$ cat structure_2.cif   # mmCIF, N, CA and C atoms
data_protein
loop_
_atom_site.label_atom_id
_atom_site.label_comp_id
_atom_site.auth_asym_id
_atom_site.auth_seq_id
_atom_site.Cartn_x
_atom_site.Cartn_y
_atom_site.Cartn_z
N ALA A 1 -3.96 -16.98 -2.49
CA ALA A 1 -4.92 -18.07 -2.30
C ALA A 1 -4.32 -19.11 -1.38
N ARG A 2 -5.17 -20.00 -0.86
CA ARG A 2 -4.79 -21.07 0.07
C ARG A 2 -4.30 -20.53 1.40
N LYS A 3 -5.20 -20.39 2.33
CA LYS A 3 -4.86 -19.93 3.64
C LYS A 3 -5.33 -20.95 4.68
N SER A 4 -4.40 -21.50 5.42
CA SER A 4 -4.72 -22.51 6.41
C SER A 4 -5.13 -21.87 7.73
N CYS A 5 -5.05 -20.57 7.78
CA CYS A 5 -5.39 -19.83 8.96
C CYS A 5 -6.52 -18.85 8.66
N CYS A 6 -7.19 -18.44 9.70
CA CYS A 6 -8.22 -17.46 9.63
C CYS A 6 -7.79 -16.26 10.43
N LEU A 7 -8.11 -15.09 9.94
CA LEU A 7 -7.81 -13.85 10.64
C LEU A 7 -9.10 -13.15 10.99
N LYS A 8 -10.19 -13.84 10.77
CA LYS A 8 -11.49 -13.35 11.04
C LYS A 8 -12.31 -14.45 11.69
N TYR A 9 -13.40 -14.08 12.29
CA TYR A 9 -14.34 -15.02 12.83
C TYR A 9 -15.68 -14.68 12.19
N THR A 10 -16.54 -15.64 12.06
CA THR A 10 -17.83 -15.42 11.46
C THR A 10 -18.71 -14.58 12.38
N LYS A 11 -19.37 -13.62 11.81
CA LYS A 11 -20.25 -12.76 12.55
C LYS A 11 -21.59 -13.47 12.77
N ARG A 12 -21.86 -14.43 11.93
CA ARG A 12 -23.07 -15.20 12.02
C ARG A 12 -22.79 -16.57 12.64
N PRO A 13 -23.38 -16.86 13.80
CA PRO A 13 -23.31 -18.18 14.42
C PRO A 13 -23.95 -19.26 13.52
N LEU A 14 -23.39 -20.44 13.55
CA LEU A 14 -23.91 -21.56 12.78
C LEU A 14 -24.80 -22.41 13.66
N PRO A 15 -25.71 -23.20 13.08
CA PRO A 15 -26.40 -24.20 13.84
C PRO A 15 -25.51 -25.44 13.91
N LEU A 16 -25.41 -26.03 15.07
CA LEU A 16 -24.55 -27.19 15.27
C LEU A 16 -25.01 -28.39 14.48
N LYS A 17 -26.30 -28.46 14.30
CA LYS A 17 -26.94 -29.49 13.51
C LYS A 17 -26.50 -29.46 12.05
N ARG A 18 -25.76 -28.43 11.68
CA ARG A 18 -25.31 -28.27 10.30
C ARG A 18 -23.78 -28.37 10.21
N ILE A 19 -23.15 -28.70 11.31
CA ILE A 19 -21.70 -28.74 11.36
C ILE A 19 -21.25 -30.19 11.44
N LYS A 20 -20.27 -30.53 10.64
CA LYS A 20 -19.75 -31.86 10.63
C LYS A 20 -18.63 -32.03 11.65
N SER A 21 -17.68 -31.08 11.65
CA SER A 21 -16.46 -31.16 12.47
C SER A 21 -15.73 -29.82 12.43
N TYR A 22 -14.67 -29.68 13.23
CA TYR A 22 -13.89 -28.45 13.24
C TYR A 22 -12.40 -28.74 13.20
N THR A 23 -11.64 -27.69 13.07
CA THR A 23 -10.21 -27.73 13.12
C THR A 23 -9.73 -26.68 14.13
N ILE A 24 -8.74 -27.02 14.94
CA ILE A 24 -8.24 -26.09 15.93
C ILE A 24 -7.11 -25.26 15.35
N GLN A 25 -7.36 -23.99 15.18
CA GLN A 25 -6.33 -23.07 14.76
C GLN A 25 -5.65 -22.51 15.97
N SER A 26 -4.37 -22.71 16.05
CA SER A 26 -3.62 -22.23 17.15
C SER A 26 -3.15 -20.81 16.89
N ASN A 27 -3.16 -20.00 17.93
CA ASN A 27 -2.68 -18.64 17.89
C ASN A 27 -1.14 -18.69 17.84
N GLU A 28 -0.64 -19.87 18.07
CA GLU A 28 0.75 -20.18 18.01
C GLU A 28 1.23 -20.19 16.54
N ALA A 29 0.47 -20.84 15.67
CA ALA A 29 0.85 -20.98 14.27
C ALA A 29 0.18 -19.95 13.39
N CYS A 30 -0.96 -19.51 13.80
CA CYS A 30 -1.71 -18.53 13.05
C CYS A 30 -1.79 -17.25 13.85
N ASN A 31 -2.17 -16.15 13.22
CA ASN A 31 -2.25 -14.84 13.91
C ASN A 31 -3.18 -14.88 15.10
N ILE A 32 -4.29 -15.54 14.95
CA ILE A 32 -5.27 -15.62 16.01
C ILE A 32 -5.67 -17.05 16.22
N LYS A 33 -6.46 -17.28 17.22
CA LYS A 33 -7.04 -18.58 17.41
C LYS A 33 -8.46 -18.51 16.89
N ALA A 34 -8.75 -19.27 15.86
CA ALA A 34 -10.08 -19.31 15.27
C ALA A 34 -10.40 -20.74 14.91
N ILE A 35 -11.39 -21.32 15.55
CA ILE A 35 -11.76 -22.70 15.24
C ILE A 35 -12.44 -22.75 13.88
N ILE A 36 -11.98 -23.63 13.02
CA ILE A 36 -12.53 -23.70 11.70
C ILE A 36 -13.58 -24.76 11.66
N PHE A 37 -14.77 -24.34 11.51
CA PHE A 37 -15.91 -25.18 11.43
C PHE A 37 -16.11 -25.62 10.01
N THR A 38 -16.54 -26.80 9.85
CA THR A 38 -16.88 -27.29 8.56
C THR A 38 -18.32 -27.78 8.59
N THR A 39 -19.13 -27.30 7.66
CA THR A 39 -20.52 -27.64 7.66
C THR A 39 -20.76 -28.90 6.90
N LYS A 40 -22.01 -29.34 6.84
CA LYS A 40 -22.35 -30.52 6.07
C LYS A 40 -22.15 -30.27 4.58
N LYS A 41 -22.16 -28.99 4.19
CA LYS A 41 -21.84 -28.63 2.82
C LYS A 41 -20.33 -28.70 2.62
N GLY A 42 -19.64 -28.87 3.73
CA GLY A 42 -18.21 -29.02 3.72
C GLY A 42 -17.49 -27.71 3.59
N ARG A 43 -18.20 -26.64 3.79
CA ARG A 43 -17.66 -25.32 3.71
C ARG A 43 -16.82 -25.05 4.96
N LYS A 44 -15.81 -24.22 4.82
CA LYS A 44 -14.97 -23.84 5.95
C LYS A 44 -15.45 -22.52 6.53
N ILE A 45 -15.70 -22.52 7.82
CA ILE A 45 -16.18 -21.34 8.53
C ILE A 45 -15.21 -21.03 9.67
N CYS A 46 -14.80 -19.82 9.79
CA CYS A 46 -13.90 -19.43 10.86
C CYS A 46 -14.75 -18.94 12.01
N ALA A 47 -14.71 -19.59 13.14
CA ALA A 47 -15.56 -19.18 14.25
C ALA A 47 -14.73 -18.75 15.43
N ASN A 48 -15.27 -17.83 16.21
CA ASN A 48 -14.60 -17.33 17.40
C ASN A 48 -14.66 -18.35 18.55
N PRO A 49 -13.49 -18.92 18.91
CA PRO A 49 -13.35 -19.90 20.01
C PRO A 49 -13.87 -19.36 21.33
N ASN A 50 -13.96 -18.05 21.44
CA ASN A 50 -14.44 -17.41 22.66
C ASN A 50 -15.96 -17.45 22.74
N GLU A 51 -16.62 -17.79 21.64
CA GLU A 51 -18.08 -17.77 21.57
C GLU A 51 -18.68 -18.96 22.29
N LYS A 52 -19.68 -18.68 23.09
CA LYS A 52 -20.36 -19.68 23.90
C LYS A 52 -20.96 -20.81 23.03
N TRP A 53 -21.44 -20.47 21.83
CA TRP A 53 -22.02 -21.48 20.95
C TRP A 53 -20.92 -22.41 20.43
N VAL A 54 -19.72 -21.85 20.28
CA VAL A 54 -18.57 -22.57 19.81
C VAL A 54 -18.11 -23.57 20.86
N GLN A 55 -18.26 -23.21 22.13
CA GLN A 55 -17.91 -24.11 23.24
C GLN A 55 -18.75 -25.38 23.12
N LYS A 56 -20.06 -25.18 22.93
CA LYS A 56 -21.00 -26.28 22.80
C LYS A 56 -20.68 -27.11 21.57
N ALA A 57 -20.45 -26.41 20.46
CA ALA A 57 -20.12 -27.04 19.21
C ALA A 57 -18.87 -27.86 19.34
N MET A 58 -17.81 -27.26 19.87
CA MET A 58 -16.56 -27.93 20.04
C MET A 58 -16.65 -29.18 20.86
N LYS A 59 -17.39 -29.15 21.95
CA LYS A 59 -17.49 -30.29 22.81
C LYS A 59 -18.25 -31.41 22.10
N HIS A 60 -19.25 -31.03 21.33
CA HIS A 60 -20.08 -31.97 20.61
C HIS A 60 -19.31 -32.59 19.43
N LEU A 61 -18.54 -31.79 18.75
CA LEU A 61 -17.76 -32.24 17.60
C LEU A 61 -16.51 -33.02 18.04
N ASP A 62 -16.03 -32.73 19.24
CA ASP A 62 -14.84 -33.40 19.82
C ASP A 62 -15.19 -34.83 20.24
N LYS A 63 -16.48 -35.08 20.35
CA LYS A 63 -17.01 -36.37 20.74
C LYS A 63 -16.87 -37.40 19.64
N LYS A 64 -16.75 -36.95 18.42
CA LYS A 64 -16.71 -37.86 17.32
C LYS A 64 -15.55 -37.52 16.41
#

$ encode --input "structure_2.cif" --output "structure tokens"
Amino acid sequence: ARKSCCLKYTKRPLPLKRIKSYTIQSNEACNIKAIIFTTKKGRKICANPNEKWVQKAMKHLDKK
């Protein structure tokens, strides 16, 4: 239990309107690079940084 890293990415894209913020997982410290999204429910979601929706999300979440 307790994993600060993700080794998977979500197969289901999230709506940005439901995301509060993210965390940058480095491929340096973790096996892969997976941005950890956190929803308004505060749930942790591992998303693929390579995903175009994640680019939009990241830029929007990086704003605040």

$ resolve_selection --input "structure_2.cif" --expression "the PyMOL selection byres ((chain A and resi 55-63) around 7)" --output "ChimeraX atom specification"
/A:16,20-22,49-54,64

$ residues_around --input "structure_2.cif" --residues "residue A:31" --least-positions-apart "3" --cutoff "7 Å" --atoms "only N, CA and C atoms" --output "list in words"
residues 5, 6, 7, 26, 27 and 28 of chain A

$ select_by_dssp --input "structure_2.cif" --residues "stretch 1-63 of chain A" --states "helix (DSSP H, G or I)" --output "list in words"
residues 16, 17, 18, 52, 53, 54, 55, 56, 57, 58, 59, 60 and 61 of chain A

$ write_last_selection --input "structure_2.cif" --atoms "N, CA and C atoms" --output "PDB file, keeping the file's coordinate frame"
ATOM      1  N   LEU A  16     -25.410 -26.030  15.070  1.00  0.00           N
ATOM      2  CA  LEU A  16     -24.550 -27.190  15.270  1.00  0.00           C
ATOM      3  C   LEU A  16     -25.010 -28.390  14.480  1.00  0.00           C
ATOM      4  N   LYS A  17     -26.300 -28.460  14.300  1.00  0.00           N
ATOM      5  CA  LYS A  17     -26.940 -29.490  13.510  1.00  0.00           C
ATOM      6  C   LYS A  17     -26.500 -29.460  12.050  1.00  0.00           C
ATOM      7  N   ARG A  18     -25.760 -28.430  11.680  1.00  0.00           N
ATOM      8  CA  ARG A  18     -25.310 -28.270  10.300  1.00  0.00           C
ATOM      9  C   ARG A  18     -23.780 -28.370  10.210  1.00  0.00           C
ATOM     10  N   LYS A  52     -19.680 -18.680  23.090  1.00  0.00           N
ATOM     11  CA  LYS A  52     -20.360 -19.680  23.900  1.00  0.00           C
ATOM     12  C   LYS A  52     -20.960 -20.810  23.030  1.00  0.00           C
ATOM     13  N   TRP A  53     -21.440 -20.470  21.830  1.00  0.00           N
ATOM     14  CA  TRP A  53     -22.020 -21.480  20.950  1.00  0.00           C
ATOM     15  C   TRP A  53     -20.920 -22.410  20.430  1.00  0.00           C
ATOM     16  N   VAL A  54     -19.720 -21.850  20.280  1.00  0.00           N
ATOM     17  CA  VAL A  54     -18.570 -22.570  19.810  1.00  0.00           C
ATOM     18  C   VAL A  54     -18.110 -23.570  20.860  1.00  0.00           C
ATOM     19  N   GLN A  55     -18.260 -23.210  22.130  1.00  0.00           N
ATOM     20  CA  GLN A  55     -17.910 -24.110  23.240  1.00  0.00           C
ATOM     21  C   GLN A  55     -18.750 -25.380  23.120  1.00  0.00           C
ATOM     22  N   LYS A  56     -20.060 -25.180  22.930  1.00  0.00           N
ATOM     23  CA  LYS A  56     -21.000 -26.280  22.800  1.00  0.00           C
ATOM     24  C   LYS A  56     -20.680 -27.110  21.570  1.00  0.00           C
ATOM     25  N   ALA A  57     -20.450 -26.410  20.460  1.00  0.00           N
ATOM     26  CA  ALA A  57     -20.120 -27.040  19.210  1.00  0.00           C
ATOM     27  C   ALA A  57     -18.870 -27.860  19.340  1.00  0.00           C
ATOM     28  N   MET A  58     -17.810 -27.260  19.870  1.00  0.00           N
ATOM     29  CA  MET A  58     -16.560 -27.930  20.040  1.00  0.00           C
ATOM     30  C   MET A  58     -16.650 -29.180  20.860  1.00  0.00           C
ATOM     31  N   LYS A  59     -17.390 -29.150  21.950  1.00  0.00           N
ATOM     32  CA  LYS A  59     -17.490 -30.290  22.810  1.00  0.00           C
ATOM     33  C   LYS A  59     -18.250 -31.410  22.100  1.00  0.00           C
ATOM     34  N   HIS A  60     -19.250 -31.030  21.330  1.00  0.00           N
ATOM     35  CA  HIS A  60     -20.080 -31.970  20.610  1.00  0.00           C
ATOM     36  C   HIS A  60     -19.310 -32.590  19.430  1.00  0.00           C
ATOM     37  N   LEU A  61     -18.540 -31.790  18.750  1.00  0.00           N
ATOM     38  CA  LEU A  61     -17.760 -32.240  17.600  1.00  0.00           C
ATOM     39  C   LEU A  61     -16.510 -33.020  18.040  1.00  0.00           C
TER      40      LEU A  61
END

$ residues_around --input "structure_2.cif" --residues "residue A:47" --least-positions-apart "6" --cutoff "8 Å" --atoms "all atoms listed in the file" --output "MDAnalysis selection string"
chainID A and resid 6 8:14 33:37 54

$ resolve_selection --input "structure_2.cif" --expression "the PyMOL selection byres ((chain A and resi 18) around 6.5)" --output "PyMOL selection string"
chain A and resi 14-17+19-20+38-41

$ select_by_dssp --input "structure_2.cif" --residues "chain A" --states "strand (DSSP E)" --output "count of residues only"
14

$ atom_distance --input "structure_2.cif" --atom1 "atom C of residue A:24" --atom2 "atom N of residue A:2"
17.2 Å

$ atom_distance --input "structure_2.cif" --atom1 "atom C of residue A:29" --atom2 "atom CA of residue A:4"
8.9 Å

$ atom_distance --input "structure_2.cif" --atom1 "atom N of residue A:43" --atom2 "atom C of residue A:1"
16.6 Å

$ decode --input "structure_2.cif" --residues "stretch 6-49 of chain A" --atoms "N, CA and C atoms" --output "JSON list (two decimals), in the first residue's frame"
[["chain", "number", "residue", "atom", "x", "y", "z"],
["A", 6, "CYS", "N", 2.79, 6.10, -10.21],
["A", 6, "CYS", "CA", 1.86, 5.37, -11.01],
["A", 6, "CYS", "C", 2.63, 4.61, -12.05],
["A", 7, "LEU", "N", 2.20, 3.42, -12.34],
["A", 7, "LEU", "CA", 2.81, 2.59, -13.37],
["A", 7, "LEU", "C", 1.81, 2.34, -14.48],
["A", 8, "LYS", "N", 0.69, 3.02, -14.38],
["A", 8, "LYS", "CA", -0.36, 2.92, -15.32],
["A", 8, "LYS", "C", -0.90, 4.31, -15.62],
["A", 9, "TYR", "N", -1.63, 4.43, -16.68],
["A", 9, "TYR", "CA", -2.31, 5.64, -17.02],
["A", 9, "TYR", "C", -3.78, 5.27, -17.17],
["A", 10, "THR", "N", -4.66, 6.19, -16.94],
["A", 10, "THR", "CA", -6.07, 5.93, -17.06],
["A", 10, "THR", "C", -6.46, 5.75, -18.52],
["A", 11, "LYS", "N", -7.26, 4.75, -18.77],
["A", 11, "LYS", "CA", -7.72, 4.47, -20.10],
["A", 11, "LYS", "C", -8.88, 5.40, -20.44],
["A", 12, "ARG", "N", -9.52, 5.91, -19.42],
["A", 12, "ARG", "CA", -10.62, 6.82, -19.58],
["A", 12, "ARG", "C", -10.17, 8.25, -19.31],
["A", 13, "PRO", "N", -10.25, 9.13, -20.32],
["A", 13, "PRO", "CA", -9.99, 10.56, -20.15],
["A", 13, "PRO", "C", -10.99, 11.20, -19.17],
["A", 14, "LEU", "N", -10.52, 12.16, -18.42],
["A", 14, "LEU", "CA", -11.36, 12.88, -17.47],
["A", 14, "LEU", "C", -11.85, 14.16, -18.10],
["A", 15, "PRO", "N", -12.95, 14.74, -17.61],
["A", 15, "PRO", "CA", -13.32, 16.06, -18.00],
["A", 15, "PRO", "C", -12.54, 17.04, -17.12],
["A", 16, "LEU", "N", -11.99, 18.07, -17.73],
["A", 16, "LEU", "CA", -11.18, 19.05, -17.01],
["A", 16, "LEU", "C", -11.98, 19.81, -15.99],
["A", 17, "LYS", "N", -13.23, 20.00, -16.29],
["A", 17, "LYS", "CA", -14.19, 20.65, -15.42],
["A", 17, "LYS", "C", -14.37, 19.89, -14.10],
["A", 18, "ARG", "N", -13.80, 18.70, -14.02],
["A", 18, "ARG", "CA", -13.95, 17.87, -12.83],
["A", 18, "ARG", "C", -12.59, 17.67, -12.14],
["A", 19, "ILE", "N", -11.58, 18.36, -12.61],
["A", 19, "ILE", "CA", -10.24, 18.19, -12.09],
["A", 19, "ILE", "C", -9.86, 19.42, -11.29],
["A", 20, "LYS", "N", -9.31, 19.21, -10.13],
["A", 20, "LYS", "CA", -8.90, 20.30, -9.28],
["A", 20, "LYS", "C", -7.47, 20.72, -9.59],
["A", 21, "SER", "N", -6.56, 19.75, -9.69],
["A", 21, "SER", "CA", -5.12, 19.99, -9.84],
["A", 21, "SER", "C", -4.41, 18.68, -10.18],
["A", 22, "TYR", "N", -3.11, 18.75, -10.48],
["A", 22, "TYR", "CA", -2.34, 17.56, -10.78],
["A", 22, "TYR", "C", -1.00, 17.56, -10.05],
["A", 23, "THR", "N", -0.31, 16.45, -10.15],
["A", 23, "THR", "CA", 1.01, 16.28, -9.63],
["A", 23, "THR", "C", 1.90, 15.75, -10.76],
["A", 24, "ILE", "N", 3.12, 16.25, -10.86],
["A", 24, "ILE", "CA", 4.02, 15.80, -11.90],
["A", 24, "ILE", "C", 4.85, 14.63, -11.41],
["A", 25, "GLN", "N", 4.62, 13.48, -11.97],
["A", 25, "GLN", "CA", 5.42, 12.32, -11.69],
["A", 25, "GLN", "C", 6.56, 12.26, -12.66],
["A", 26, "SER", "N", 7.75, 12.28, -12.15],
["A", 26, "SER", "CA", 8.90, 12.24, -12.97],
["A", 26, "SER", "C", 9.29, 10.79, -13.26],
["A", 27, "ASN", "N", 9.74, 10.56, -14.48],
["A", 27, "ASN", "CA", 10.22, 9.27, -14.92],
["A", 27, "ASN", "C", 11.60, 9.04, -14.27],
["A", 28, "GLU", "N", 12.10, 10.11, -13.70],
["A", 28, "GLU", "CA", 13.33, 10.13, -12.98],
["A", 28, "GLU", "C", 13.18, 9.40, -11.63],
["A", 29, "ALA", "N", 12.10, 9.70, -10.92],
["A", 29, "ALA", "CA", 11.87, 9.13, -9.59],
["A", 29, "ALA", "C", 10.94, 7.94, -9.63],
["A", 30, "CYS", "N", 10.09, 7.91, -10.60],
["A", 30, "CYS", "CA", 9.15, 6.83, -10.75],
["A", 30, "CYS", "C", 9.46, 6.08, -12.03],
["A", 31, "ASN", "N", 8.91, 4.89, -12.20],
["A", 31, "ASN", "CA", 9.17, 4.06, -13.40],
["A", 31, "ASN", "C", 8.81, 4.79, -14.68],
["A", 32, "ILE", "N", 7.70, 5.48, -14.66],
["A", 32, "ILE", "CA", 7.23, 6.17, -15.84],
["A", 32, "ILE", "C", 6.89, 7.59, -15.48],
["A", 33, "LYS", "N", 6.56, 8.37, -16.46],
["A", 33, "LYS", "CA", 6.05, 9.68, -16.21],
["A", 33, "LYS", "C", 4.55, 9.61, -16.36],
["A", 34, "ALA", "N", 3.83, 9.86, -15.29],
["A", 34, "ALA", "CA", 2.38, 9.85, -15.31],
["A", 34, "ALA", "C", 1.87, 10.98, -14.46],
["A", 35, "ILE", "N", 1.20, 11.94, -15.06],
["A", 35, "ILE", "CA", 0.68, 13.07, -14.30],
["A", 35, "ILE", "C", -0.50, 12.60, -13.45],
["A", 36, "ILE", "N", -0.47, 12.92, -12.17],
["A", 36, "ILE", "CA", -1.51, 12.47, -11.30],
["A", 36, "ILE", "C", -2.53, 13.55, -11.16],
["A", 37, "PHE", "N", -3.66, 13.30, -11.69],
["A", 37, "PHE", "CA", -4.77, 14.18, -11.65],
["A", 37, "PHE", "C", -5.54, 13.96, -10.40],
["A", 38, "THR", "N", -6.06, 14.99, -9.86],
["A", 38, "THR", "CA", -6.91, 14.89, -8.74],
["A", 38, "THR", "C", -8.24, 15.56, -9.07],
["A", 39, "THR", "N", -9.33, 14.85, -8.86],
["A", 39, "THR", "CA", -10.62, 15.36, -9.23],
["A", 39, "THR", "C", -11.21, 16.17, -8.12],
["A", 40, "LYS", "N", -12.38, 16.72, -8.33],
["A", 40, "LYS", "CA", -13.06, 17.47, -7.29],
["A", 40, "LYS", "C", -13.48, 16.54, -6.15],
["A", 41, "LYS", "N", -13.58, 15.25, -6.45],
["A", 41, "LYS", "CA", -13.83, 14.25, -5.41],
["A", 41, "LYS", "C", -12.54, 13.99, -4.65],
["A", 42, "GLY", "N", -11.46, 14.53, -5.19],
["A", 42, "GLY", "CA", -10.18, 14.43, -4.58],
["A", 42, "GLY", "C", -9.51, 13.12, -4.82],
["A", 43, "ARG", "N", -10.03, 12.37, -5.76],
["A", 43, "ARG", "CA", -9.51, 11.10, -6.12],
["A", 43, "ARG", "C", -8.23, 11.29, -6.93],
["A", 44, "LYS", "N", -7.32, 10.34, -6.83],
["A", 44, "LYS", "CA", -6.08, 10.38, -7.58],
["A", 44, "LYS", "C", -6.22, 9.57, -8.86],
["A", 45, "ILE", "N", -5.93, 10.18, -9.98],
["A", 45, "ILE", "CA", -6.02, 9.54, -11.28],
["A", 45, "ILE", "C", -4.66, 9.64, -11.97],
["A", 46, "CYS", "N", -4.18, 8.55, -12.49],
["A", 46, "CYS", "CA", -2.91, 8.56, -13.18],
["A", 46, "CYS", "C", -3.19, 8.78, -14.66],
["A", 47, "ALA", "N", -2.73, 9.86, -15.22],
["A", 47, "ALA", "CA", -3.03, 10.13, -16.62],
["A", 47, "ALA", "C", -1.78, 10.15, -17.45],
["A", 48, "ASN", "N", -1.91, 9.79, -18.71],
["A", 48, "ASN", "CA", -0.80, 9.78, -19.64],
["A", 48, "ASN", "C", -0.43, 11.20, -20.09],
["A", 49, "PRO", "N", 0.77, 11.68, -19.67],
["A", 49, "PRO", "CA", 1.29, 13.01, -20.02],
["A", 49, "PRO", "C", 1.38, 13.22, -21.53]]
